[PDB]
Amino acid sequence: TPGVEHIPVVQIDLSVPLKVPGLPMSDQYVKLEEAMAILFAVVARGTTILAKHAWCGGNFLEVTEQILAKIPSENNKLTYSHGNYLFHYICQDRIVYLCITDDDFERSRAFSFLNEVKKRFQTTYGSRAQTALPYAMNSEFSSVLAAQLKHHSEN
Amino acid sequence: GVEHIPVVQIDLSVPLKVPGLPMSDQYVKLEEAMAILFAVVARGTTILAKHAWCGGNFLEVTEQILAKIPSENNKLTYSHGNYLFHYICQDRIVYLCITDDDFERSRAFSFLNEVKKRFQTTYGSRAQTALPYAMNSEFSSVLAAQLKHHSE
Ligand SMILES: [Pr+3]
Ligand SMILES: [Pr+3]
């Protein structure tokens, strides 16, 4: 095969630079197909959902009802693993902030998302969340959830 | 950081189904010196065939690249971040590929010359006029085969 240093290498700028999916540590790694990020997010109290949002199709409420039934009411944080998906939540003052993500998504990014959502939900709705009825916050908040889902799934 | 937070296996009666996602997660350790990641044939800003080997915003970037390339014949490599973009423009048709920053450029241009030869013998003068993605269904697989070959 022939010779090429007569051909220069030019530095250029890009508005949207190239992002190859890989791993969050090392950079000799590539995924041969797409990684997806946060698929679904829900705020709940115990077994009662208050707001939600999904990015695409999925039996998210079916699964969410099964999850919430398992989570203890005492404060804590945790990740559940099933098939190719992970479920991350924070329970605080009995309110659960949960999301569902590709197995290939960085957990730390997931919990940052959850902390952010919590901060906004708590500043927006305060004590109301302790008593509010099913889906009470959904019409207003789902769109907050959708914007954060987008934000944290890119950057 | 979240290493302290455990990861627990659970079981479900009715498990999660999300249609429209890829069948699996395949990660490779990257042959930085033998890894052509993407290849595209275009006329000016109009793409005619393409093929990607791995995940990436290749069409996003490709639109930004083609915008920069002058129409007169020439060959060149562009550098951005950890990647290089190598092209041959000939009779306005652009043959471009994307690779790591440490890849052997001579291998890239060999690939590009090969692809050009085939595209030109297969499609001849059509390339001057053919509509967007017109050659893609049939040629992407030629691109994929050569991509595989020149990466090994
Ligand atoms: Pr996956
Ligand atoms: Pr490198």
Within the stretch A:8-22, which residues are in a loop (DSSP other than H, G, I, E, B), facing chain B (nearest Cβ under 7 Å) and surrounded by fewer than 19 Cβ atoms within 10 Å (Cβ to Cβ)? A:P8, A:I12, A:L14, A:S15, A:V16, A:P17, A:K19
If you go through the stretch B:41-70 one residue at a time, how many are away from ligand 2 (no atom under 16 Å from the Cβ), under 11 Å from the mean Cα position of the chain (by Cα) and under 20 Å from A:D13 (Cα atoms)? 5
Let me spell it out: the conditions are (1) touching a residue at least 12 places away in the same chain (Cβ under 8 Å); (2) outside any loop (DSSP other than H, G, I, E, B); (3) surrounded by fewer than 17 Cβ atoms within 10 Å (Cβ to Cβ); (4) more than 16 Å from ligand 1 (Cβ to nearest atom), and B:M34 meets all of them except one. Which number is the exception? (2)
Taking the stretch A:27-83 as the search range and keeping residues that are farther than 19 Å from A:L149 by Cα and among the polar types (S, T, N, Q), which one is farthest from the other protein chains (Cβ to nearest Cβ)? A:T48
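Can you report the number of residues in the stretch A:40-62 which are part of a loop (DSSP other than H, G, I, E, B) and within 16 Å of ligand 1 (Cβ to nearest atom)? Step through it out loud before you land on a result.
Filtering the stretch A:40-62 down to residues part of a loop (DSSP other than H, G, I, E, B) leaves A:46-47, A:55-59.
Still in the list and also within 16 Å of ligand 1 (Cβ to nearest atom): A:55-56, A:58.
Within the stretch A:40-62, residues that are part of a loop (DSSP other than H, G, I, E, B) and within 16 Å of ligand 1 (Cβ to nearest atom) number 3.
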Residue that is crowded, with 16+ Cβ neighbours inside 10 Å, assigned to a loop (DSSP other than H, G, I, E, B) and not hydroxyl-bearing (S, T, Y), where the choices are B:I65, B:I88, B:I69, B:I98: B:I69
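Pick from A:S108, A:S26, A:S112: which is surrounded by fewer than 19 Cβ atoms within 10 Å (Cβ to Cβ) and touching a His at 6+ places or on another chain (Cβ under 8 Å)?
A:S112
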Near pairs, Cβ below 8 angstrom, 6+ apart or cross-chain, from the stretch B:5-28 (of a type in the set (F, W, Y)) to any residue that is assigned to a loop (DSSP other than H, G, I, E, B): B:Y27/A:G22; B:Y27/A:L23; B:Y27/A:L32
Against the definition (at positive phi and of a type in the set (K, R)), how does B:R118 come out, yes or no? no
Among (1) more than 16 Å from ligand 2 (Cβ to nearest atom); (2) of a type outside the set (V, I, T); (3) within 13 Å of chain A (Cβ to nearest Cβ), which single condition is B:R107 missing? (1)
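Heads up, the Cβs are rebuilt from the backbone with ideal geometry, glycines too, and the neighbour counts pull from every protein chain shown. Read-outs throughout are calculated quantities, based only on the coordinates presented, and are distinct from any laboratory measurement.
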